[PDB]
Amino acid sequence: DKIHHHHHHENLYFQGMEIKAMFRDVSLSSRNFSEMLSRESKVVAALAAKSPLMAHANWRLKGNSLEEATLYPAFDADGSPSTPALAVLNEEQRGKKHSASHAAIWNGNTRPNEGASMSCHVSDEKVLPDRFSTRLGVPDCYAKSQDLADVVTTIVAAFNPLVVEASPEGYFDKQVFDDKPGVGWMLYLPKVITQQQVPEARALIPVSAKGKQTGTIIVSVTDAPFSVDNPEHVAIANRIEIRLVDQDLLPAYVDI
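Sequence positions in this view are assigned from 1 along each chain in the order the sequence is written. Entry numbering can differ, and residues without coordinates are absent from the display. The side-chain figures draw on all heavy atoms in the structure; neither hydrogens nor water molecules are used. Residues with missing side-chain atoms are left out of burial classes, side-chain pairs and their counts.

Participant: Would you mind going over the overall build of the chain with me for this structure?
Facilitator: Comment: elements are numbered from the N terminus, with helices defined as DSSP H or I runs of at least four residues and strands as E runs of at least two. In terms of regular secondary structure, the chain is built from four helices and nine strands. Sequence-ordered secondary structure for the chain, helices as α and strands as β, is β-α-β-α-β-β-β-α-β-β-β-β-α. Over its C-alpha atoms the chain spans a radius of gyration of 18 Å, differing by no more than 12% from the 18 Å that the globule rule assigns to 256 residues. Overall, the C-alpha framework of the chain stretches about 50 × 40 × 35 Å when taken along its three principal axes. Between two residues, a contact is recorded if the distance between any of their heavy atoms is within 4.5 Å. Here the analysis covers contacts within the chain between residues at least 6 apart in sequence; of these, 67% occur between residues at least 24 apart. Using C-alpha atoms as the atom set, the radius of gyration is obtained and then compared with a globule rule of 2.2 Å times the number of residues to the power 0.38.

Listed below in structure tokens is the structure:
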């Protein structure tokens, strides 16, 4: 109900798909809202191609209430960051030296399972990694793995991350290593990962950029939408996690 439009509800448990990325951009500040919203606009564009409910015009800033969460559109008609949105983010940042959510937006849809939201977490000290996350909702029978791969590749091109995790909420309690990233439905790593290294993987999608393979998306399930309630989906994602660690391909969260 308030999972997408309220600011702090991103810390609460919900039923839906979650794509979490960790990156290190030494040129990105926590006050550079224009660059944050422009990167989010690229991710929104990938979602808008799949569903009309994700169109840029519908997206709004998050708020402390449903009323102020529907007042400010995130983008202009062309998809660029809107000035009213940048004006609000600059005023809320004023004085506040510490914030756990930057450029937090939602698709303005309050209907169950029809909503979506995303936010950035930029650290100015750059000792801890920067973060980006997006929440979409429970995948139905018409949820193709290629559609999720397209959204992950767009996030890789927009943030050049060190890791992207894609899994339904609640998979973290089911992953083999709690100190290392989970495979879930998909896992992106900025390394060339082959069939010989991970023979359990149902798909290994190469991600290319600047004239070479930048990384690989590891897919556990390709026949149906990944379900945390399906013990077969969890067991194969768990086997892939064990395989990746056995060959020192899976880093610890603290080491990222």
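Participant: Just to check I follow, could you spell out the packing of aromatic side chains for this structure?
Facilitator: Remark: the centre distance and the inter-plane angle together describe each pair of aromatic rings, the angle taken between the planes. To pair, rings of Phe, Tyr and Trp, with the six-membered ring standing in for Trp, must have centres within 6.5 Å; the planes then decide the type, stacked if under 30 degrees apart, edge-to-face if over 60, and tilted in the middle. Evaluated as defined, the whole model comprises three aromatic pairs. Measuring from centroid to centroid gives 5.0 Å for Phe23 and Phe159, while their planes differ by 55°, and the two rings are tilted. A residue pair is termed long-range when its members are at least 10 positions apart, and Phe23 in strand β1 (residues 17–23) and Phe159 in helix α3 (residues 145–159) qualify at 136 residues. Whether a residue is buried, partly exposed or exposed follows from its accessible area with a 1.4 Å probe, protein chains only, as a fraction of its type maximum: under 20%, in between, or over 50%, in that order. Overall, the relative accessible area of 4% leaves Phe159 in the buried class. A centroid spacing of 5.7 Å and a plane angle of 85° characterise the contact between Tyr171 and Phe226, whose relative ring orientation is edge-to-face. Placement of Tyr171 in the loop between β6 (163–168) and β7 (186–189) and of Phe226 in the loop between β9 (212–219) and α4 (231–246) is noted, with a sequence separation of 55 residues between them. These aromatic residues form a ring-pair network of at least three members: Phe23, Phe132 and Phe159.

Participant: I'm lost on the sheet that holds β9 in this one. Help?
Facilitator: Strand-to-strand pairing in sheets goes through backbone hydrogen bonds, with the strands running parallel or antiparallel. When DSSP finds at least two bridges between two strands, those strands are taken to pair. Taking strand neighbours across the sheet as the criterion, the nine strands line up as β2-β3-β4-β5-β1-β6-β7-β9-β8 in an open arrangement whose pairing is antiparallel. Of all the strands in the sheet, just β2 (60–61) and β8 (203–209) have a single pairing partner and so form its edges. Where strand β4 (residues 117–121) meets strand β5 (residues 130–137), five bridges bridge the pair, whose relative direction is antiparallel. For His121, the partnering residue across the bridge sits in β5 and is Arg131.

Participant: I tried to follow the environment of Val198 on my own but got confused; where do I start?
Facilitator: Along the chain, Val198 turns up in the loop between β7 and β8. Overall, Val198 belongs to the buried group, its relative accessible area being 1%. Taking C-alpha positions, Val198 is 22 Å from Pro168, a pair spaced 30 residues apart along the chain.

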